[PDB]
Amino acid sequence: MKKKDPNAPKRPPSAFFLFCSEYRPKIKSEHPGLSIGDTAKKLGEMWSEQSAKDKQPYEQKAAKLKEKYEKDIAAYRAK
């Protein structure tokens, strides 16, 4: 939905989510008019512009929280 719990393994990201969720707040410090509308299509214009490097180091982060979520969420649900 948006935030089940801090200790619970929320939805797994995938590089892009790690970059956008971390770059969006940066765009706000310099772009006050950057509303969710332009903020959604702005961070994307940069990601596609980057070569095969922006998704090299920030892509392994989404592969570490998936080995604990796929195994921990099985018992966290129990419904």
# chains A, B, ... in the order shown; residues from 1 in each chain; ligands from 1
>>> residues_around(residues="range 32-46 of chain A", least_positions_apart="2", cutoff="9 Å", atoms="only C-alpha atoms", output="list in words")
residues 16, 19, 20, 23, 24, 27, 28, 29, 30, 48, 49 and 50 of chain A
>>> residues_around(residues="range 1-5 of chain A", least_positions_apart="4", cutoff="12 Å", atoms="only C-alpha atoms", output="list in words")
residues 9, 10, 11, 12, 73, 76 and 77 of chain A
>>> select_by_dssp(residues="chain A", states="alpha helix (DSSP H)", output="ChimeraX atom specification")
/A:16-30,36-49,66-77
>>> closest_residue(among="A:78, A:6, A:13, A:26", to="residue 59 in chain A", atoms="only C-alpha atoms")
A:13
>>> atom_distance(atom1="CA of residue 63 in chain A", atom2="CA of residue 15 in chain A")
9.0 Å
>>> closest_residue(among="A:51, A:7, A:56, A:21", to="residue 69 in chain A", atoms="only C-alpha atoms")
A:7
>>> closest_residue(among="A:8, A:47, A:17, A:57", to="residue 70 in chain A", atoms="only C-alpha atoms")
A:8
